[PDB]
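Enquirer:
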Amino acid sequence: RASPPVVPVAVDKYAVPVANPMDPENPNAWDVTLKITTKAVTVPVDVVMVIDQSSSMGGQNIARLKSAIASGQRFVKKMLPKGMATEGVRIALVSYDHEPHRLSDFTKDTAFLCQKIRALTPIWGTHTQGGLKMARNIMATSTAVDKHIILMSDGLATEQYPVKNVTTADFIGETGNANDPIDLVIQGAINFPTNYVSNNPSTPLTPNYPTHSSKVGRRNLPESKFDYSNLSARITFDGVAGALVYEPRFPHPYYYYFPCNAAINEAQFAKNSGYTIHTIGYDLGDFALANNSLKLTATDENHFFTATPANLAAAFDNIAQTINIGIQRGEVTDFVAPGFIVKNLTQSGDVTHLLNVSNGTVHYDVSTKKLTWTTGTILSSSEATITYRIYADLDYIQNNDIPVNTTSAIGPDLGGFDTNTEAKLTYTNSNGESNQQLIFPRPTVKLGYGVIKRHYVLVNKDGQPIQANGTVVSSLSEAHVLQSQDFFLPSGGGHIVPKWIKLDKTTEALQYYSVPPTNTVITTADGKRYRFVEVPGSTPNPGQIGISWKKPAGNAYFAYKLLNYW
Ligand SMILES: [Ca+2]
Ligand SMILES: [Mg+2]
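Set out below in C-alpha cells:
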C-alpha cells in the first residue's frame, strides 16, 4: 500500500588519459566513462508476534508451549539477524491466556524479546480475540510499508469479548460444509458436550446443550459490535467459558458464543487495515476445528502451517523485502565538446558495438556529436557504464578560441578544455516516477602533444605569394605548394616519432622551436628549380614556431621563387 523508499541513484563521469601504452594513432587520447550507480532499499516492516500461553499449551501438552518458546526465539533471531542494527525490521510481542499481555512494544532488542518469550507460562483461558486485538492496537502506531501479525496457538479459542446489544442475528447455524469451524464445533459439541460447552461441574446450574439446529457466534460481525472497553473482559456462563459459551437469554434451538469465530472476526479487522496474518498451529494431532480456525484467521490457507520441526525451521526466512530495480528506464544524453572527436564514430546510428557498453544501447548523431544511451532497467546495488575514446582535433583547436572550463574540479587537468558540453541522465526511478534528472560531472583536459607542420610554397620575384600561374594571393597559406608538407620534430626526450612534440601543460605560453626547412632548393617534376627566400610573412631559416596545449598545431611557411636559367 504505502510506497517503499526510492532506490538511490548517482552518476559519475571521468576522462582517463590513455597511457602505458599511449594511443599510437594520436597520443592526445582519453577514455571517457559515464557511470550510473544504484544503491539499495530495505522495505520497512513491522511484526507483532502473538503467543498463546493458555493452559491447553501446558500440563500434559507442555511440549506445545515448549515448542512455541523455542520457535518464537528462533523467529526473532531470524528476523533480527543483526540485532539492534537490523535495518528495516521491528518486532513487538504479545502473549495471552484469559487476557492479553503486552510483553514488548516495537523493538530490535533480540535479547529482551527472547527473555520475554522464555518467561511464558501456562494460564487458564484462550482469549485469541484479545491477543489479536492487542496486536491491532500495537500495529496502529506503525508507519511501516509491510505489517505482519504472527499468531502462535494450538487453535482452540475459549474466551472472547462481549457482543454489544446482542441479538439472535449475531449467530449462525451449520453451513453444510462439514469442514467449516461452525459445523465442526457443532458436531464436536454434539459428540463431546462436556468438552465443548461452558459448564462449571461444581455448581448445579447446567447449560442447554447444542444440536444440529443450534446457532453459534458469527465470524463477520462489524467491529462496532464488540465491547473493547476492558481488554480483559470475558463472556461467561455459570462463571466459566469454553469452546462454546451458552447464551441463556436466547431460546431453543440454543445459541452459543464461539470464540474461534470471534478470533477469525478480529483478524478480519486486521486484514481490513492491510495487515498480513500468519498462523502457526501447535496442536500436531490434526484437530480440524483448531487447524481450520487458524487457517481462516490467517491471510489465506497458505499463511497457516502446523508447527512441525520442518515447517518451523523454514519459516520467516526473508521477512524484509529489498527493492530489486533501481532504474526502470534511463536515457543519458552526452554532447561531446568542440575540439574532440570520438574514435571510430563516422556515421549516425547505432554505435553500441563500437563502444564498451555494459547495459542497453547507444545512438550517435554525427552532426550534433550527441551520444544517446538508452540504459534499460538497471537493478539495485549495481553499476552501468559506457566508455568511449576521444581524440583531440589539433587543427580545430588551433583554429578556434575554445573556452576553458574554470569551474569543474574533477580533472584530469584543472582549467582544461571540456570533453563534454553537457551530459545528463533522465530516468524513471524505482517507484515509477519519470523525468528524474541528474547532471554528470564535467571532465577537463589539456593536450599533451602538439605538431609543427612545414609548408613549401611559391612566391614571385617581388616576394608575393602566388598561384602556379602567377596570380597574387593574400597569404602564403594560399600560395602554390611546391613540395609535400612535412612535420618537424625537435631534439630532446619526450617527443614521439614521427610528429608529436611533448607540450608543457603547466603553461599557456607558447613553447618556441627553431624550425628549418628540410631543403633550401626544390626541383619539381617538370625540371623547374626553386630557391629558398625570406619574404614578408614567411618563415626564415630557421624560424621560431610556437605551440601550446591551447594552440597545438604550428605552421611554418617556407617561401621559394623560381630560379631562371634564361
Ligand atoms: Ca454447573
Ligand atoms: Mg488454550
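Residue numbers (the deposited numbering): 99 to 418, 419B, 420 to 664.
Cβ atoms here follow ideal geometry from the backbone N, Cα and C, with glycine treated the same way.
Just confirm the distance between the C-beta atoms of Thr485 and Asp129, as a whole number of angstroms; I'd bet it's less than 8 Å.
Expert: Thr485 to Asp129, Cβ: 6 Å. Contact.
Enquirer: How many Å lie between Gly156 and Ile221 at the Cα?
Expert: Spanning the two alpha carbons is a distance of roughly 8 Å.
Enquirer: Would a C-beta distance cut-off of 8 Å place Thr526 and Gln426 closer than the cut-off?
Expert: It is a contact, given that the beta carbons lie within the stated cut-off.
Enquirer: I'd like to know whether the C-beta atoms of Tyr373 and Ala405 end up nearer to each other than 8 Å.
Expert: Cβ atoms of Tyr373 and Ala405: not closer than 8 Å.
Enquirer: For my contact list, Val243 and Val146 are in at a C-beta cut-off of 8 Å; report their separation, rounded to the angstrom.
Expert: Not a contact, Cβ separation roughly 15 Å.
Enquirer: Roughly how many angstroms lie between the CA atoms of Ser152 and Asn235, to the nearest whole one?
Expert: Computed Cα separation, rounded: 21 Å.
Enquirer: Can you list, in chain order, the residues of its chain whose CB lies under 6 Å from that of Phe656, leaving out five sequence neighbours each side?
Expert: Once the five neighbours on either side are set aside, the close Cβ partners of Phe656 are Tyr554, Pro615 and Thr637.
Enquirer: With hydrogens ignored, establish whether the beta-carbon of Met250 is closer than 7 Å to any heavy atom of ligand 2.
Expert: No, Cβ of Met250 sits at least 7 Å from all heavy atoms of ligand 2.
Enquirer: Please classify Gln419B: does DSSP put it in a helix, a strand, or coil?
Expert: The answer is coil: DSSP assigns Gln419B none of H, G, I, E or B.
Enquirer: How far does the alpha helix (DSSP H) with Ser169 in it reach, from first residue to last?
Expert: That run of the alpha helix (DSSP H) goes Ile160 to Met177.
Enquirer: Using 7 Å as the cut-off, classify the Cβ of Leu163 as near or not near the heavy atoms of ligand 2, replying yes or no.
Expert: False, no ligand heavy atom lies under 7 Å from that Cβ.
Enquirer: So, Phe348 versus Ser296, is the Cβ gap smaller than 8 Å?
Expert: Contact flag unset, no.
Enquirer: Please look up how many angstroms separate the CB atoms of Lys323 and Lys262, rounded, as I've assumed it's under 8 Å.
Expert: Right, the Cβ-Cβ distance comes to about 6 Å (below 8 Å), so this counts as a contact.
Enquirer: May I ask you to report which of helix, strand or coil DSSP gives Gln496?
Expert: Looking at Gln496 - three-state DSSP - the assignment turns out to be helix.
Enquirer: May I ask which residues mark the beginning and end of the alpha helix (DSSP H) holding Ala411?
Expert: Its alpha helix (DSSP H) spans residues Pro407 to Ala412.
Enquirer: If you draw a straight line from the C-alpha of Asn293 to the C-alpha of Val338, how long is it?
Expert: Between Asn293 and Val338, the C-alpha separation is close to 13 Å.
Enquirer: In three-state DSSP terms, what is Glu520?
Expert: The answer is strand: DSSP assigns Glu520 an E or B state.
Enquirer: Hey, is the segment 204 to 218 in contact with the segment 247 to 265, meaning 3+ C-beta pairs nearer than 8 Å?
Expert: The segment 204 to 218, when compared against the segment 247 to 265, does not touch it at the 8 Å Cβ threshold.
Enquirer: Just list the alpha helix (DSSP H) runs in the segment 259 to 322, keeping only unbroken ones of 4 residues or longer that don't cross its boundaries, in chain order.
Expert: Those alpha helix (DSSP H) runs which fall completely within the segment 259 to 322 and span 4+ residues are 279 to 289 and 291 to 294.
Enquirer: For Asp150, verify whether its CB is less than 7 Å away from any heavy atom of ligand 2.
Expert: Yes - ligand 2 has a heavy atom lying nearer than 7 Å to the Cβ of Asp150.
Enquirer: Going by C-alpha distance, which of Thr136, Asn567 and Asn124 is nearest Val104?
Expert: Taking only the C-alpha atoms, the option nearest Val104 is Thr136.
Enquirer: In chain order, what residues of the same chain have a beta carbon less than 7 Å from the beta carbon of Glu520, not counting five sequence neighbours either side?
Expert: Within the same chain, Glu520 has close Cβ partners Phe433.
Enquirer: For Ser153, verify whether its CB is less than 7 Å away from any heavy atom of ligand 2.
Expert: Checking the Cβ of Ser153 against ligand 2 gives yes.
Enquirer: What is the C-beta distance between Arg552 and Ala654, in whole angstroms, given that I count them as a contact (C-beta under 8 Å)?
Expert: 5 Å between Cβ atoms; contact.
Enquirer: Can you tell me which of the three DSSP states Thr208 falls into?
Expert: In this structure, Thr208 counts as helix in the three-state DSSP scheme.
Enquirer: Output the distance between the C-alpha atoms of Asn457 and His451, rounded to the nearest integer angstrom.
Expert: Answer to the nearest angstrom: the Cα atoms are 12 Å apart.
Enquirer: Among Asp584, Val192 and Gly548, whose alpha-carbon lies nearest the alpha-carbon of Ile167?
Expert: Comparing Cα-Cα distances from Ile167 to each of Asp584, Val192 and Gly548, the minimum goes to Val192.
Enquirer: Near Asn277, what residues of its chain come up, given a Cβ to Cβ distance below 7 Å and the 5 sequence neighbours on each side ignored?
Expert: Cβ neighbours of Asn277 beyond the five flanking positions: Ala386 and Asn390.
Enquirer: Less than 8 Å separating the beta-carbons of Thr377 and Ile134?
Expert: No, these two residues do not count as a Cβ contact at 8 Å.
Enquirer: I'd like the list of long-range same chain contacts for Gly514, defined as Cβ closer than 6 Å, with 5 residues on each side in sequence excluded.
Expert: Result list for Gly514: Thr542, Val543 and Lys544, in chain order.
Enquirer: For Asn503, collect the residues of the same chain with a Cβ closer than 8 Å to its Cβ; drop the 5 residues on either side in sequence, then sort them by chain order.
Expert: Within the same chain, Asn503 has close Cβ partners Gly513, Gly514, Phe515, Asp516, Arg540 and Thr542.
Enquirer: Could you check whether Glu197 and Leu329 sit closer than 8 Å to each other, using their CB atoms as the reference points?
Expert: For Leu329 and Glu197, yes; Cβs fall inside 8 Å.
Enquirer: Can you give me the C-alpha to C-alpha distance between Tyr462 and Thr444, rounded to a whole angstrom?
Expert: Between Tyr462 and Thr444, the C-alpha separation is close to 9 Å.
Enquirer: Whose C-alpha, out of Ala190, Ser300 and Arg332, is nearest the C-alpha of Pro260?
Expert: Out of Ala190, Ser300 and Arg332, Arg332 has the C-alpha closest to the C-alpha of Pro260.
Enquirer: Please report the residue range of the alpha helix (DSSP H) in which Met232 lies.
Expert: Here the alpha helix (DSSP H) through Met232 covers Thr226 to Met237.
Enquirer: Examine ligand 2 and report whether any of its heavy atoms sits within less than 7 Å of the Cβ of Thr224.
Expert: Yes.
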